[PDB]
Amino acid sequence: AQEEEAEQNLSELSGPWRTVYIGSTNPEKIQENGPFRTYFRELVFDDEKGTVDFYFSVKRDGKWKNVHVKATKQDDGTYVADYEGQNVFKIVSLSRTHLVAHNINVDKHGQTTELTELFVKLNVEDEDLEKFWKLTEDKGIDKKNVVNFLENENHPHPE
């Protein structure tokens, strides 16, 4: 026989995530204007369809682009996705706080690039959200006069 089915409950991990480090066997891919110099914003895991949606930003041709990629899991355990070629992505380490992954990309010219990455989750606990809303209510502030900086398109540029 082989290995047995892997238990999964990644739905919980969905939410805002950020890029910490990305390594590459080909520096061109992550250098300025590179296709994989990706600033993550959000990750959504769906245990039913067995997919992962990536929402990130990349600067291309001097302009900033918000990209949405959808990855599909395989019996293999790895995920496949189309972005600047074909990608085979593997989650090496995962938890409520971090994600260490390895990705293999083959561009249109058949060039194979291997990338490693570390991403961290921006966790907002319910207890702390309640403390904010109560405080906000005590100061007589209208829910309408509250801005969400986690999901706002009008944000600073890292480069």
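Residue indices: 1-based, along the sequence shown. Whichever C-alpha set is largest while still superposing within 1.5 Å between the two forms counts as the rigid core.
Trainee: Could you tell me which of the two stretches, 133-141 or 8-16, has its Cα atoms lying farther from the shown structure in 4 other deposited structures of this protein after fitting on the rigid core?
Mentor: Of the two stretches, the larger average C-alpha offset in 4 other deposited structures of this protein falls on 8-16.
Trainee: If you average the CA temperature factors as listed in the entry, which stretch comes out higher, 89-97 or 35-43?
Mentor: Comparing 35-43 with 89-97, the higher average CA B-factor belongs to 89-97.
Trainee: Can you let me know which of the two, 132-140 or 7-15, has the higher average C-alpha B-factor in the entry?
Mentor: Stretch with the higher mean C-alpha B-factor: 7-15.
Trainee: If you compare 28, 126, 117, 53, which has the highest Cα B-factor in the entry?
Mentor: Each of 28, 126, 117, 53 was compared by C-alpha B-factor; the highest is 28.
Trainee: Going by the CA temperature factor in the PDB record, which third of the chain does residue 22 belong to: lowest, middle or highest?
Mentor: For residue 22, whose C-alpha B-factor we compare with every modelled residue in the chain, the answer is the lowest third.
Trainee: When the deposited Cα B-factors of this chain's modelled residues are ordered and cut into thirds, is residue 68 in the lowest, the middle or the highest one?
Mentor: Residue 68: CA B-factor falls in the middle third of its chain.
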